[PDB]
Amino acid sequence: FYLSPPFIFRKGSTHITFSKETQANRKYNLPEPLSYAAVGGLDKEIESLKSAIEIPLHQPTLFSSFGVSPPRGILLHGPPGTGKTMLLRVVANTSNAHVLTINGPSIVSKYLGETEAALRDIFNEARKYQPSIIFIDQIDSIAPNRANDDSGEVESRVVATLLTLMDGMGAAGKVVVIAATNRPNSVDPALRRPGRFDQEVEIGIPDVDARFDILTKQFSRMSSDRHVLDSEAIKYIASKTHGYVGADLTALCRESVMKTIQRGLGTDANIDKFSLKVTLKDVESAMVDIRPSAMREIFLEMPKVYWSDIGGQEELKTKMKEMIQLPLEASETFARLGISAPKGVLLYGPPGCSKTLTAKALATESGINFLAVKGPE
Amino acid sequence: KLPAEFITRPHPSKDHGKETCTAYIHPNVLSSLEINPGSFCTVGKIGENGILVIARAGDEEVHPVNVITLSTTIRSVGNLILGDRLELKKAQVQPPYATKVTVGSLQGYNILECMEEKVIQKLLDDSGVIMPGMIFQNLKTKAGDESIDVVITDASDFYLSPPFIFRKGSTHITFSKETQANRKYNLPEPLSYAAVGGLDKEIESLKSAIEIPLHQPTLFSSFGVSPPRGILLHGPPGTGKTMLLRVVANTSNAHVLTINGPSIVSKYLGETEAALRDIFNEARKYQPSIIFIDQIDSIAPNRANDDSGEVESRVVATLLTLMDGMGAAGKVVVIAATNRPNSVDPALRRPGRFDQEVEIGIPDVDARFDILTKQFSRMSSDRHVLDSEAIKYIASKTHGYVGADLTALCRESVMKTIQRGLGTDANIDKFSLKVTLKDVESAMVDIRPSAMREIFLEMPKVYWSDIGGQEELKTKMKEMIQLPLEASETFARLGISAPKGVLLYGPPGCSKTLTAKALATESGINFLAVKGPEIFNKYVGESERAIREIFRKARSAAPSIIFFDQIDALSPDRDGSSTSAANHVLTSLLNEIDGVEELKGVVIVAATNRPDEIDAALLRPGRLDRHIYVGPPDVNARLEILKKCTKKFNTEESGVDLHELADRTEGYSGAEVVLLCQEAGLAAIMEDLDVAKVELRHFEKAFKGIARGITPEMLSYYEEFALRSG
Amino acid sequence: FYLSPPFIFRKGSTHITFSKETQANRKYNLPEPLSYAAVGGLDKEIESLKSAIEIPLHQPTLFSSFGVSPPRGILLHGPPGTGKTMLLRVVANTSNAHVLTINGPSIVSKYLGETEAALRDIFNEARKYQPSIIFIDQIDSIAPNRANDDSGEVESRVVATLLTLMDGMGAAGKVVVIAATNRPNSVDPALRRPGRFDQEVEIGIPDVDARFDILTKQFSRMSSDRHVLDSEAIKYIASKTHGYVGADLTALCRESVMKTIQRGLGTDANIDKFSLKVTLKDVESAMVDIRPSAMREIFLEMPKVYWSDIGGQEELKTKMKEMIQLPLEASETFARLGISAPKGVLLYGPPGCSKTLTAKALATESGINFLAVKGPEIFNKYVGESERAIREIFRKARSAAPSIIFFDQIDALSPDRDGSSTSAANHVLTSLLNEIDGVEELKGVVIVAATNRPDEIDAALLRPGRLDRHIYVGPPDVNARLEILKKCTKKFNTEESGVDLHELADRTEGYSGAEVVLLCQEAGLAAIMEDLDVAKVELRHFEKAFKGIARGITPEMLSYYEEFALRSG
Ligand SMILES: Nc1ncnc2c1ncn2[C@@H]1O[C@H](COP(=O)(O)OP(=O)(O)OP(=O)(O)O)[C@@H](O)[C@H]1O
Ligand SMILES: Nc1ncnc2c1ncn2[C@@H]1O[C@H](COP(=O)(O)OP(=O)(O)OP(=O)(O)O)[C@@H](O)[C@H]1O
Ligand SMILES: Nc1ncnc2c1ncn2[C@@H]1O[C@H](COP(=O)(O)OP(=O)(O)OP(=O)(O)O)[C@@H](O)[C@H]1O
Ligand SMILES: Nc1ncnc2c1ncn2[C@@H]1O[C@H](COP(=O)(O)OP(=O)(O)OP(=O)(O)O)[C@@H](O)[C@H]1O
Ligand SMILES: Nc1ncnc2c1ncn2[C@@H]1O[C@H](COP(=O)(O)OP(=O)(O)OP(=O)(O)O)[C@@H](O)[C@H]1O
Ligand SMILES: Nc1ncnc2c1ncn2[C@@H]1O[C@H](COP(=O)(O)OP(=O)(O)OP(=O)(O)O)[C@@H](O)[C@H]1O
């Protein structure tokens, strides 16, 4: 209890000693504030969001002189697990301004007027203190499209009161609202307006270099002595991860840690778990063990067959390998030549020769997410 | 007897240079607030740290306890307009004397009444404190039946504006001209008629329908007709209804009550009507009152649907009864604004109550130009360099940009200017930079119109130079798209509209979709892409709603281009084998294209692979007028495609002339040439890993590997259909 | 805070003089009495209602010994805004008797017994206090049909007790109750079953005649001076906007007054409005700008079109005019002579033959009101919403003379394709058949339908009451094509170009109006593009635009239409 215990100071009994450590001791498991360096691969979006939040919040004289109203709300949309919530958390921690944790549908209650009274109280509290930020998560559910036949009445009322609070007779004062959702289409079109939600950022799936940056940031956050790795090894791991996101990378790293712990336990009995180290083959094993988030909804498995299993002509193997692996293994040559992959093959011939076995071999030793669909399915 | 909120009313006595900066307060309130009559008392409009440091004691019980009388001159700094809520704060701090102050005339004239023989007795002989800035009526001070207004701007030596104590001998008055108050400290300002542009024909009607029922109710009623009481404003969201309501509230000398929010309803059964009754009684009792009800659709839902079951239905019933209860004796006007005109209950929309309905449409080129010019005039002159011609050109470029999108465009242009200055001038002051046309174009590229927000289309940018095919199709598309928009005066003079019909039929994969992508990239106009079977839905009638919504979005997003890719998917319903959904979708499409309501500006483009499967109803004139053969590319087109694809490759190093190869690929198509080039590049990649050129052997191998898909039978059928069409 | 300031009067200490007219000063804000003269036009309905209400309200001793069911109601109903409330007020004021009644917004009570005891006490007082007229407004709101599940709640016992209680004090005794409602078919059929509502007097919207009379009456009522009094102007404004109800007329008068006020202020810089006078310009501006509730709830209006803008086979126009004007102008000739008009025409033909344009012109000329309805539009996701929507659009929005319903594509409703049972299309077709087989003359609905593929129409829909009139709607002839070419070439300079506009029409023999318009548009666009603005068209432009037209009307569909017409007979 009491989180971290306190202590009593004395003039001559402390015996202050100086140590070289930025962070506090980890034995107290105290929360660590987030910094902008934690998020990687999104430099342009981070800079744009930071500017669009800081400028309206601080020194609004620039906008007052120009006669243009400062932006009011910012909407963040993208695939789940991309890092929008962590971005909101880090921008809340870094900015020294009032925040209001309107997490979700906690505003609506069984009472008829409570669902609007709570929002009015929140907006009044935000307006009372000039530096204030509003962080809305899953705005689609609380404020859905009114045109839909399933919208209802209380949802329409809450949408109307949100619209009135954001824009109306009572103009907002130097307050910014941040909304995060995974389905921007479900958001009411009235909310997505230049007067309310002009600033829209589409946080897409990270690409290869963004994934490498995220992995490097995670490894830098980890202690240097905990794991030994090279920059080329991290780049190779990032290249192997195709459909991975920040959540997928975190899950991969955690699974690698667990695999390292279990390998140490197996190799040495009653050994210290903190003395183990993470190697490249361990990360590869964790990667092959775990599954990407996008492939979770796909449920199909086949026995593992290798490239050596297919007995036949090598021309098909060479052509399909040059179609598949070349754009990913060496993309600089394609970029220089300005040519893309053909992206298409048709296998026509006598039944049972090489088609389904080739598909299985690709699904096994392709290193890429595989999707199988049937004709009449 | 301790009300939470205090309302305000103007002083009954006219301004005469005395009793200014005094707010009468009921003795009961002063005793409860332990504030003596002589002190500095601050009032604010629910927060915002509003300050007025004025305190006075009311006389007997004639002054209502809830209301506080505020002078017109002192009410200008707080922007309160006849009914703004007021909060009492007993804490105060004695301010020091002011050693510097300036006076600025509101009018364009400068240096007026320099002697100040009688002016000094007004703003200098008064014992009460004077804010750094307000608006003075000054009554009449200049000969020639003209009244001047003075607005003090600067004053030096938690609160919104620090009040300064003045004295006649404290310092010297530096009279000058600085228009309104300085912007070094934030200060609310009124919105005038010049703020709203492009709505003159509607603003005059609104002015009349506000002034006549308020200023002269009985004078108008003398003829024998009840004066109008309800005004309804409806239109697309973000058009300027809220600004119009704010302007008519600020410029009017009548009480205003804000009941736009759904806060009128309460959990208690009786309160949702008691609050409305109290508000209407307060509006009627004081006499000159204006009522604004935004989002009336949520407050008063339609009774036709099952959504408005009990509570909102009884709210509408009570509102209707209380609206019909009042007579023509009082001077009260009710203003209702909503995004959906059809969501209002038909009971409210009646000639006896809501006859005066004003529709606000999407601004045209002239209205957009007027709005842009007014916004630039409001913006500081030294902060902008664009002239009238640039503003007109920008307005012409903007098609579906409503005033909200125009304001967003201006803000984004300012942000782009700031970013460019920071990047180029190595952290120079942001205030020194000025907006230019390049920043405006960059902001236009960055910002999409609000009407296209619901449509997500991530498409690669392809220009007309990339398509090296036949120039006849490009010329026809340009003459159909850009020509009517560029010069509509000639079309109006000649009395001919736009054909707005394209039927792209030909070999698959040659050029139909590429023209759609090319048009979307290099048209500068809103582009809508609709797939063939993507509109079908499992439920009955949901495809109807989807197509109606798509057409409504296209209509509301200015003239635009609709690309119906593979229109033949849902067309053929010659018998009962096809489901009724396809026939209903086809009928709805025909009705939306021509039907009964004419389509102006929007262009329908259809690309198909089987023109015969399309029903003759869509083939009639007025739907898909223009027909393009768009066959296989010619020798020149194929040579251009080969040159474009090989431009990255080293032609001179290899020695290929790009002519023998072009002659060899006579029977191929547009996509087959690209596939052959890709195969040659892949072979060059495999031959030596890294390479910067392609040799003739790779081209020969690719040509051997290419399988022709343009069968002569398909070309014969297409040419037979073409000759049948004629 | 009084209706009028009180005073003190004496005999010899004050002077008494008599002058002015009957009407009192308007500065007192006092109301004015309402008489039967205050209402014009409806009067034909009023004559029937005053007679029927009056025989019971006056001497009802005639049916004393008869013992038949006593007449205690009229059941007034009609289109919304028809002015029933002013008729009720007039009949209440002129009766100079007790008018004890209450409407309420479907007034109920939370207590189980009080919600009925209130009505019982009201009826007991009415029996004791014997009011001449009792007003029951909005019967559908307070007592709708029992067919709907949610409609029968609460009101069932109320209406049952009302029915079983109103059958009292027979022979002698007036106790006449007036039932006024907006929806005629929403009333409970069991409520209409007894014979006291056998008359079912329904008041229609003013039209054709008496409109100028009521306009003059309302103008005189508002002010006998400072206004224009011209018979020709009033007749013209009555003829214009034939679909305007009396409430729309009052709104027009109010907007004309507003326009006069605005013009006077803008002209004389806020002068007193007593001397201002009303002119025709402000009336026309008000008529343009009112947008009354008659065309509301639609938000869309058909484009303007005139007979000069369209030139076509005179036979079709003559047949359509005979179909529309003859029953619409009057109905007593049809009723007395027994003529049964088909009240329905089917427009089938090749696409682009301007059947929809013909319907638009018909609505613009005679109807002066259009109600555009689309087949697939009435379809709804819910099973029961489509039937309710089609019933609403068929009944509530229908007006007797003004409104005509036009079907863009009627062939998309009847065919259910491979539908066995429980289908939305089958349900809507059955509802339409039920709501169309019970109408013969009614109010001159004269529905009009257009189609492109007649072969799907004959699916349980073609009935002898609707196939009486068939219009071939053939392609335009050489004269019609020449007229279309001349109309489209009017903006061009024929004299400067020298084109005779004859050989072009002769060459285009198999074309129609749509193809002619398209080729003229293409020629104009080419002329604009080639040399900017030239204000003329040459023969080369027509030659260039000739290849743009895709064939035309192919003979196979023409033969199919001909054989379908022969089969129909
Ligand atoms: N750029 C990143 N760098 C490091 N870790 C990341 C990054 N993006 C995501 N993660 C990890 O993935 C987790 C999921 O991200 P976050 O909690 O921000 O949710 P989100 O992407 O907004 O999605 P949801 O829709 O589920 O709220 C983070 O807590 C973090 O551990
Ligand atoms: N070259 C080969 N090497 C190894 N096994 C083979 C080979 N050719 C066929 N087989 C075996 O025969 C089976 C039949 O081949 P496969 O399942 O790929 O069928 P297919 O070509 O897709 O034909 P179909 O779907 O028309 O029946 C394989 O699953 C495998 O067990
Ligand atoms: N005529 C106009 N001139 C200049 N700016 C305009 C105009 N109309 C709208 N805007 C801009 O759009 C913003 C939104 O307009 P406004 O606040 O008046 O709401 P509204 O049009 O009534 O819409 P909503 O129903 O969404 O509240 C304004 O704050 C202003 O920046
Ligand atoms: N004339 C051309 N110029 C440039 N590229 C071309 C040309 N013709 C074909 N291509 C290339 O070939 C591809 C195939 O053409 P595309 O699929 O766009 O044609 P389409 O006829 O509209 O399509 P589909 O018939 O499949 O609906 C194009 O995307 C482009 O990359
Ligand atoms: N004979 C008449 N002469 C003049 N005006 C008339 C006449 N009959 C009706 N009116 C007009 O009709 C209106 C009377 O409206 P009323 O209060 O009766 O409601 P309503 O709209 O007819 O009701 P509901 O829709 O419930 O039947 C007034 O505008 C009045 O001028
Ligand atoms: N006599 C004519 N005068 C003027 N224009 C005409 C004439 N005949 C045809 N047209 C033109 O051709 C068009 C054909 O009519 P419309 O487009 O309404 O289709 P429709 O013949 O009713 O066919 P569909 O069954 O496809 O609706 C008219 O709208 C008009 O532009």
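Residues numbered from 1 in each chain as written, not as in the entry; some residues may be left out. Chains lettered and ligands numbered in written order. Part of a larger assembly, values for the part shown. Heavy atoms only, no water.

The PDB entry lists chain C under the name AFG2 isoform 1, from Saccharomyces cerevisiae.

The PDB entry annotates chain B as AFG2 isoform 1 originating from Saccharomyces cerevisiae.

Trainee: Help me out: how do you make sense of the interface of chain C and chain B in this one?
Mentor: For an interface, size is often stated in terms of accessible area lost upon the parts coming together. Contacts between the two partners involve 66 residues from chain C, matched on the other side by 72 residues from chain B. Carbon and sulfur atoms make up 57% of the area that chain C and chain B hide from each other, which totals about 6,500 Å². Note that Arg254 of chain C is salt-bridged to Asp355 of chain B, the shortest N-O span being 3.9 Å. Only α9 (246–268), α13 (355–367) and α19 (513–531) of chain C provide two or more residues apiece to the side of chain C that touches chain B. Considering every element that reaches the side of chain C that touches chain B, the biggest residue donor is α9 of chain C, with 10 residues. Looking at the side of chain C that touches chain B residue by residue, the class counts come to 29 nonpolar, 12 polar and 25 charged. (Contact = heavy atoms within 4.5 Å. Buried area = accessible area lost by both parts, 1.4 Å probe. Salt bridge = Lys/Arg side-chain N within 4 Å of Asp/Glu carboxyl O. Helix = DSSP H or I, 4+ residues; strand = E, 2+ residues; numbered from the N terminus. Nonpolar A, V, L, I, M, F, W, Y, C, P; charged D, E, K, R; others polar.)

Trainee: Sorry if this is basic, but what is going on with the environment of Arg555 of chain B here?
Mentor: Residue and element names in this part refer to chain B. With respect to the helices, strands and loops of the structure, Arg555 is situated in helix α18 (residues 542–556). Exposure remark for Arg555: the relative accessible area of 35% places this residue in the partly exposed category. Look past the residues within four positions of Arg555 in its chain and what remains in contact with it is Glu592, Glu597 and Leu599. (Buried < 20%, exposed > 50% of the residue type's maximum accessible area, 1.4 Å probe, protein only.)

Trainee: What is the right way to look at unusual backbone geometry in this model?
Mentor: Keep in mind that most residues, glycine aside, have a negative phi and that most peptide bonds are trans. All names here are of chain C. Positive phi, close to 60°, is recorded for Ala171, a residue that is not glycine. Looking at the secondary structure, you find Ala171 in the loop between α5 (155–165) and β3 (176–181). Positive phi is not limited to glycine here, since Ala269 has a value of about 55°. On the secondary structure map, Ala269 appears in the loop between α9 and α10 (280–289). Judged by its relative accessible area of 65%, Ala269 is exposed.

Trainee: It is not clear to me how the site of ligand 2 should be interpreted in this structure. Could you clarify?
Mentor: Residues and elements named next belong to chain A. Near ligand 2, the surroundings consist of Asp309, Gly311, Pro351, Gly352, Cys353, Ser354, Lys355, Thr356 and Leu357. Protein chains shield 54% of the accessible area of ligand 2, which is 640 Å² for the free molecule. Here the residues of the shell around ligand 2 sort into three nonpolar, four polar and two charged. (Near = heavy atom within 4 Å. Areas by Shrake-Rupley, 256 points an atom, 1.4 Å probe, with all protein chains shown as cover.)

Trainee: How should a nonpolar patch on the surface be read in this particular structure?
Mentor: Residues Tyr2, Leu3, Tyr28 and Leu30 of chain C make up a contiguous nonpolar surface patch of about 480 Å² in total accessible area. When you line up the elements, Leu30 of chain C lands in the segment before α1 (43–57). (Patch = residues over 30% accessible without salt bridge, like charges linked within 9 Å, V, L, I, M, F, W, Y side chains within 5 Å.)

Trainee: Please explain the site of ligand 3 as it appears in this structure.
Mentor: Close contacts around ligand 3 come from 18 residues, with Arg196 of chain A together with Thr239, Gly240, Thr242 and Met243 of chain B the closest. Chains contributing residues near ligand 3 are chains A and B. Between ligand 3 and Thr242 of chain B there is a distance of 2.7 Å, counted from an oxygen atom to a backbone nitrogen or oxygen. The backbone of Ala404 of chain B places a nitrogen or oxygen atom 3.4 Å from an oxygen atom of ligand 3. About the coverage of ligand 3: the protein hides 93% of its 630 Å² of free accessible area. Looking at the shell around ligand 3, the elements that each hand over two or more residues are α6 (241–251), α11 (365–378) and α13 (403–424) of chain B. Among the elements that take part in the shell around ligand 3, α6 of chain B stands out by supplying four residues, more than any other. (Polar contact = N/O pair within 3.5 Å; in protein donor to acceptor, adjacent residues only side chain to side chain.)

Trainee: Before we go on, may I ask you to explain the pattern of salt bridges in this structure?
Mentor: When charged atoms on two side chains of opposite charge get close, those side chains can pair. What the rule picks out here adds up to 62 salt bridges over all chains. The partner of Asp154 of chain B in a salt bridge is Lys184 of chain B, with the nearest N and O atoms 3.1 Å apart. Judged by relative accessible area, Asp154 of chain B falls into the partly exposed class, the value being 23%. Across the pair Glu456 of chain C and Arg417 of chain C runs a salt bridge whose closest N-O atoms are separated by 4.0 Å. Within this pair, whereas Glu456 of chain C is found in the loop between β7 (447–451) and β8 (469–471), its partner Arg417 of chain C is found in the loop between β6 (405–407) and α15 (424–436), the two being separated by 39 residues in sequence. Across the pair, exposure class does not vary: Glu456 of chain C and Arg417 of chain C are buried alike. Connected via shared salt-bridge partners are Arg146 and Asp188 of chain A together with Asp297 and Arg340 of chain B.

Trainee: I would appreciate a short explanation of the nonpolar core in the present structure.
Mentor: Nonpolar side chains tend toward joint burial in soluble globular proteins. Residue and element names in this part refer to chain B. Formed by 32 residues in total, the largest nonpolar core has its most connected members in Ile535, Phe551, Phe564, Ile567, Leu589 and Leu618. When residues of this core are traced back to their parent elements, those giving at least two are β16 (501–505), β17 (527–530), α18, β18 (561–565), α19 (580–593), β19 (603–608), α20 (616–619) and α26 (712–725). With five residues, α19 is the single largest residue contributor to this core. Here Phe551 is in contact with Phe564, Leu589, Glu592, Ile593 and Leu599, once residues within four sequence places are set aside. (Core = buried A, V, L, I, M, F, W, Y, C linked by side-chain atoms within 4.5 Å.)

Trainee: I tried to follow the environment of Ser298 of chain B on my own but got confused; where do I start?
Mentor: Along the chain, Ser298 of chain B turns up in helix α8 (residues 296–299). Sequence spacing of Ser298 of chain B and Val344 of chain B is 46 residues, and the spatial spacing of their C-alpha atoms is 8.6 Å. With sequence-adjacent residues up to four places away left out, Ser298 of chain B is seen in contact with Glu153, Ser156 and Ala160 of chain A. Among the polar contacts made by the side chain of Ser298 of chain B, one reaches the main-chain carbonyl oxygen of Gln295 of chain B at a distance of 2.8 Å.

Trainee: Mind showing me how you'd approach helix α4 (residues 114–128) of chain A here?
Mentor: Each α-helix turn comprises 3.6 residues. Residues three or four places apart therefore point the same way. Residue and element names in this part refer to chain A. Taking 1.5 Å of rise per residue, the 15 residues of α4 would be expected to cover 21 Å, and the 21 Å separating its terminal C-alpha atoms lies within 8% of that figure. Buried within α4 we find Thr115, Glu116, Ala118, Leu119, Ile122, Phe123 and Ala126. In a view along the axis of α4, the buried residues occupy a sector of 160°, so they form one face of it. On its buried face, α4 is in contact with β2 (98–102), β3 (132–137), α6 (154–166) and β4 (175–181). (Expected span 1.5 Å × (residues − 1). Arc of directions from axis to C-beta.)

Trainee: Help me understand helix α8 (residues 231–239) of chain C, please; the structure alone is not making it clear to me.
Mentor: Residues and elements named next belong to chain C. The complete set of buried residues in α8 reads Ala233, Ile234, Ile237 and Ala238. Taken around the axis of α8, the buried residues stretch over an arc of 135°, which confines them to a single face. Seen from the open side of α8, the exposed residues pointing more than 90 degrees away from its buried face are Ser231, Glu232 and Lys235. In the core, the buried residues of α8 are packed alongside α7 (211–222), α9 and α10. Just past α8, the residue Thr241 takes up positive phi, approximately 55°.

Trainee: Before we go on, may I ask you to explain the sheet that holds strand β4 (residues 344–348) of chain C in this structure?
Mentor: Consider a sheet: its strands pair through backbone hydrogen bonds, and that pairing is either parallel or antiparallel. Residue and element names in this part refer to chain C. The sheet built from five strands is open, its strands ordered β5-β6-β7-β4-β8 with parallel pairing. With one partner strand each, in any of the chains shown, β5 (371–373) and β8 form the two edges of the open sheet. This sheet shows a mean twist of 20° between the axes of neighbouring strands, independent of strand direction. Of the strand pairs in this sheet, β4 and β8 are connected by three bridges, and their pairing is parallel. Within β8, the residue paired with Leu347 across the bridge is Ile471. (Pairing = 2+ DSSP bridges. Axes fitted to C-alpha atoms, helices over the stretch in contact; angles between N-to-C directions.)

Trainee: Looking at this model, I keep getting lost on the sheet that holds β3 of chain C. Mind explaining?
Mentor: All names here are of chain C. Strand order in the open sheet formed by three strands is β1-β3-β2, with parallel pairing between adjacent strands. Both outer strands of the open sheet, β1 (76–77) and β2 (133–137), are each paired with one neighbouring strand and no more. Sheet analysis places β2 next to β3, joined by five bridges and oriented parallel. Its bridge partner lying in β3, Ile133 is registered against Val176. Strand contacts of α1: β1, β2 and β3, with the helix running at about 155° to β3, the strand carrying the most contacts.

Trainee: It is not clear to me how the packing of α13 of chain B against helix α14 (residues 437–446) of chain B should be interpreted in this structure. Could you clarify?
Mentor: Two quantities define a packed helix pair, namely the angle between the axes and the distance from one axis to the other. All names here are of chain B. Two elements in contact, α13 and α14, have axes separated by 8 Å at closest approach and are oriented at 120°. Between α13 and α14, the interaxial angle falls into the category oblique. For α13 against α14, the interelement crossing comes out right-handed. When α13 is examined against α14, the residues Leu409, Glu412, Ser413, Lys416, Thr417 and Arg420 are found in contact with a partner set consisting of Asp439, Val440, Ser442, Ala443, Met444 and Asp446. Considered class by class, the residues forming the contact of α13 with α14 number four nonpolar, three polar and five charged. (Parallel < 35°, antiparallel > 145°, perpendicular 65-115°, else oblique. Left-handed = near helix turned anticlockwise from the far one by under 90°.)

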